[PDB]
Amino acid sequence: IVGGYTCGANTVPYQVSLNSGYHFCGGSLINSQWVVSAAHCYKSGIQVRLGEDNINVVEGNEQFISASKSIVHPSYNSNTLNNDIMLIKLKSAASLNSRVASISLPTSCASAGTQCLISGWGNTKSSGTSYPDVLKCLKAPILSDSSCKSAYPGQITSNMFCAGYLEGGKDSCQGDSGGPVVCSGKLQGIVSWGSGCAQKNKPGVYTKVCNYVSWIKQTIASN
Ligand SMILES: [Ca+2]
């Protein structure tokens, strides 16, 4: 997250870290057994880390639970990032508590102009590199589809939305992928892609979770 703020330990209790020996992507806990992340975060060997604030210090509220199954969307296209969504099943159910909690899935799609909360342990620099240990947060508005398409001509599908600031300076970034975009208390987006981070005229692009609620619900009813 570039241009964000330190969230505060466990204030984003649905945020998970995906770990393969190291943090590599975010995700969102949707119930005690399942995480939603980006399909481009797929790896074998994933451990889900819940209750994290500093990902490099064991502070006392973590739950570390191996994935048993990952399910990339059936129509995921890694070239365009269309349908950039994955489900991860935990080997055992998390213990839900004040610091480890699920986020609701949406009923309706979020509205242009709505401010959402984006979070993660990704790079905090637009130019260069610096990875924070503690979770960072950013409030950012959903942009109109017309503005989004104009920023990325020939690249935006109806399964994507842009959010952020066209003047630059505030965005998600590498290492935030797969994490939550929460708007009116529901999971509306997944950190997916963008040209650079926090550059002018290049806002973040997010998987549009409201398009996937029927696939999520039938898949979790079935696995
Ligand atoms: Ca920790």
Side-chain angles (χ1 to χ4, degrees), residues 1-70 85-104 116-126 128-140 170-182 185-187 189-192 197-198 204 206-207 209:
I1 303 290
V2 176
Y5 60 104
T6 293
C7 305
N10 310 116
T11 57
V12 187
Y14 54 83
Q15 170 85 53
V16 309
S17 169
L18 306 185
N19 183 289
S20 63
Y22 48 88
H23 169 79
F24 65 88
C25 271
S28 298
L29 188 68
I30 60 160
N31 60 54
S32 67
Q33 281 184 108
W34 288 95
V35 165
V36 166
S37 187
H40 87 261
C41 288
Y42 164 76
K43 280 204 182 342
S44 60
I46 291 175
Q47 188 187 62
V48 177
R49 298 188 169 206
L50 309 103
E52 289 280 20
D53 186 48
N54 192 315
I55 50 164
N56 276 319
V57 178
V58 174
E59 298 179 297
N61 297 119
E62 296 93 343
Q63 292 171 51
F64 294 180
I65 299 172
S66 294
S68 55
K69 183 183 279 195
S70 293
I85 186 168
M86 176 176 68
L87 285 161
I88 296 167
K89 190 185 186 180
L90 294 188
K91 280 189 183 227
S92 59
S95 184
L96 301 184
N97 59 44
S98 62
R99 290 174 195 268
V100 176
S102 53
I103 186 72
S104 283
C116 304
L117 181 64
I118 309 183
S119 50
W121 291 269
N123 190 2
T124 62
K125 299 298 199 168
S126 173
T129 325
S130 183
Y131 290 82
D133 297 313
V134 302
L135 184 62
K136 299 290 181 166
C137 273
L138 173 63
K139 300 248 189 116
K170 284 174 282 228
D171 197 0
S172 60
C173 198
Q174 272 61 58
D176 289 326
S177 288
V181 178
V182 167
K186 311 288 173 87
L187 184 65
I190 300 166
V191 179
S192 182
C197 307
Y206 298 96
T207 306
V209 175

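Read the numbers this way: they start at 1 and go in the same order the structure lists the ligands and their atoms. Index from 1, following the sequence.
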For the Ca ion (ligand 1) the protein N, O or S atom count under 3.0 Å stands at 4
Check whether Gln47 reaches the backbone of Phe64 with its side chain - one donor and one acceptor, N or O, closer than 3.5 Å.
no
* To do: With the side chain counted from C-beta on, respond yes when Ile1 and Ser172 share a heavy-atom pair under 4.5 Å apart, and no when they do not.
  => yes
Of all heavy-atom pairs linking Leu117 and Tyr14, the shortest is CD2-OH, 3.8 Å
Q) Will you find, in the side chains of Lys136 and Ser119, an N or O donor that is under 3.5 Å from an N or O acceptor? A) no
Subject >> Donor-acceptor contact below 3.5 Å, side chain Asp176 vs main chain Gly122 >> reply: yes
Nearest heavy-atom approach of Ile46 to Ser70 is CD1-OG, 4.2 Å
